[PDB]
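J.: got an experimental structure here, sequence first:
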Amino acid sequence: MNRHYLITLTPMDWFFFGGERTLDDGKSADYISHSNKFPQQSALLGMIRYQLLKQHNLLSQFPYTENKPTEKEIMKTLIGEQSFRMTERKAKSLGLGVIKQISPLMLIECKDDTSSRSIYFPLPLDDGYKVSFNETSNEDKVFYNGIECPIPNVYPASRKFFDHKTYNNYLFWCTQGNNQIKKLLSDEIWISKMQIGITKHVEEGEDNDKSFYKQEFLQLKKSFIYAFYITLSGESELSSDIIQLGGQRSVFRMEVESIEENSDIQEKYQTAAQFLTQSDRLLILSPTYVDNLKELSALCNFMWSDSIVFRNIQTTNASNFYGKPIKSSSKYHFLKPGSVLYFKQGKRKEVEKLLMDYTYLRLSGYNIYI
RNA sequence: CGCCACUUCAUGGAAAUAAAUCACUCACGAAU
């Protein structure tokens, strides 16, 4: 039937998950490139597809080449005809091969024990404060670009009011304790180094395009690994290997573990995130892509949200795999993890319906909440 | 007037003292 795996990635060296105004972008190519802390789920999909072809010896080698029909059909049945695409955001099927669903990438801490792994999540933006939202006729009201919404009274749940100077919840990641949420600073998880690189020969070149590039390489602290859950169609197999995930040939180690069958991985991820639940808000655990933010703000009053940029590399089975890849023509803005959507009385169901209507994005571990 | 010699052969003090003990300039430049 279907087969469920847990896939742990261990950084062998300093990795580089980059992208936005990255190098070789032109328009002041901006040699200084900073690494994103996580890869896009598209990178996860592509890595899975690349390794699936590696196991079956179906990769493209040598300069521009061709394909015979039967290997084309086996690539169809294994990986799919087309990469992760934003245009298929409302397709009810993943449009790929044996891959059905992947959980959002999760940060996992591996203590030196048989003891289980602690799952670390970004700290909710509302953690530490209470939002009361007093609404009995006009007593206070705010317009967000021309929409009526209640007033967000925010107090430190410890009265005073929200001092943005004290606000440091965006710098923390959380995990479950006995009954205390364990807060970890982002620096205690990711260490960064700036690298200076040049081309030695020196030929005719112009700045941002000849030499002298600086890249941010991230290292993940000792006992921390990246993980996700995958469902495969059952006629394939995933083998432990050494992978390339990210930019500048960032090399990782796959440990593929088979979890017991009949296990919906979405329920597993939500069980992991259960300790952050609050009855009055929806916690965004992974980037979300509501097609109308004004529509969402209609039913949510205070959206304690941030934004991340998403851009995808678009390739098919027959594409120049050695060349400037085709990037997604549109830049897609996603809701940062840890974002808080505060809804009206009731009305939770149709905002959840708006969030889950992107079933293709739900399957690629994006619009996940708790 | 005649005759005639012996003795002694460096001790004490001063044995280095003071002034200068590194100074100025350059402390990275150009292309990338």
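T.: Yep, that arrived. Numbering: from 1, shown residues only, chains lettered A, B, ... in the order given.

J.: mind listing residues that contact the helix or strand encompassing residue A:51?
T.: Using DSSP states H and E, residue A:51 falls within helix A:41-55. In this structure, residues lying in contact with helix A:41-55 by CB atoms under 8 Å, 6 or more residues apart in numbering are A:17, A:59, A:75, A:78-80, A:83-84, A:96-99, A:102, A:104-105, A:228, A:230, A:236-239, A:241, A:243-246, A:254, A:312-313, A:364-366. To be clear about C-beta, it is placed using only N, CA and C from the backbone, and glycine gets the same treatment.

J.: for the residue in the stretch 101-250 of chain A positioned nearest to RNA strand B, give me its contacts.
T.: Of all residues in the stretch 101-250 of chain A, the one sitting closest to RNA strand B is residue A:210 (4.4 Å; CB to the nearest atom of the strand). When contacts are counted by CB under 8 Å, 6+ apart, residue A:210 is found next to A:199, A:203.

J.: tell me if I am right that it is in a helix.
T.: No. Under the criterion used here (DSSP: H, G, I helix; E, B strand; the rest coil), residue A:210 is coil, not part of a helix.

J.: so where do the strands sit in the stretch 101-250 of chain A?
T.: Applying DSSP state E, counting those that start in this stretch to the stretch 101-250 of chain A gives strands spanning A:106-109, A:118-122, A:129-131, A:142-143, A:148-149, A:154-156, A:172-176, A:181-185, A:190-197, A:213-220, A:224-232, A:242-244.

J.: could those strands go into a markdown table alongside distance to RNA strand B?
T.: Putting the strands of the stretch 101-250 of chain A into a markdown table (distance: least, CB to the nearest atom of the strand, whole Å) gives the following:
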| stretch | distance to RNA strand B |
| --- | --- |
| strand A:106-109 | 37 |
| strand A:118-122 | 37 |
| strand A:129-131 | 47 |
| strand A:142-143 | 49 |
| strand A:148-149 | 51 |
| strand A:154-156 | 47 |
| strand A:172-176 | 37 |
| strand A:181-185 | 34 |
| strand A:190-197 | 9 |
| strand A:213-220 | 10 |
| strand A:224-232 | 35 |
| strand A:242-244 | 29 |
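
J.: which residues of the stretch 151-300 of chain A lie near RNA strand B?
T.: Residues of the stretch 151-300 of chain A lying close to RNA strand B by CB under 7 Å from any atom of the strand are A:198, A:202, A:205, A:207, A:210-212.

J.: which one (most neighbours) among those residues?
T.: Per-residue neighbour counts (other CB atoms under 10 Å) across those peak at residue A:211, which has 16 neighbours.

J.: for that residue, give its distance to residue A:308.
T.: Plainly put, residue A:211 is 31 Å away from residue A:308 if you go by CB to CB, to the nearest Å.

J.: swap in residue A:105?
T.: Distance from residue A:105 to residue A:308, counting by CB to CB: 13 Å.

J.: now swap in residue A:150 and tell me
T.: Note on residue A:150: its distance to residue A:308, by CB to CB, is 27 Å.

J.: and residue A:343, by the same measure?
T.: 22 Å.

J.: same check on residue A:297?
T.: Using CB to CB, residue A:297 is found at 18 Å from residue A:308.

J.: that older thread, out of residue A:105 and residue A:308, which sits in the more crowded spot?
T.: residue A:105 (20 against 16).

J.: show me what contacts the more buried one?
T.: Taking CB under 8 Å, 6+ apart, we find residue A:105 in contact with A:38-39, A:41, A:44, A:226-228, A:365.

J.: and of those, the nearest to residue A:330?
T.: Nearest to residue A:330 among the contacts of residue A:105: residue A:41, at 16.8 Å, using CB to CB.

J.: burial check on the closest one, number of neighbours?
T.: 23.

J.: show me what contacts the nearest residue to it once chain neighbours are set aside?
T.: Leaving aside its sequence neighbours, residue A:41 sits nearest to residue A:364 (CB to CB, 6 or more residues apart in numbering; 4.8 Å). Contacts of residue A:364 were listed using CB under 8 Å, 6+ apart, and they are A:41-42, A:45, A:84, A:94, A:101-102.

J.: would you check which pair of these lies furthest apart?
T.: Applying CB to CB across those, the maximum distance is between A:42 and A:101, 14.6 Å.

J.: got the contact list for the residue in the stretch 1-150 of chain A positioned nearest to RNA strand B?
T.: When scored by CB to the nearest atom of the strand, the stretch 1-150 of chain A has residue A:31 as its residue closest to RNA strand B, at 10.1 Å. The contact partners of residue A:31, taken as CB under 8 Å, 6+ apart, are A:23, A:207-208, A:212-214.

J.: same check on residue A:274?
T.: Listed by CB under 8 Å, 6+ apart, the contact set of residue A:274 reads residue A:370.

J.: phi and psi next, for it.
T.: phi -60, psi -30 (degrees, to the nearest 10).

J.: picking up where we left off before, for the helix holding residue A:51, buried residues please.
T.: A:41-49, A:51-53 (16 or more other CB atoms under 10 Å).

J.: now it against strand A:224-232, angle please.
T.: With axes from the mean of the first three to the mean of the last three CA atoms, to 10 degrees defining the directions, helix A:41-55 sits at 70 degrees from strand A:224-232.
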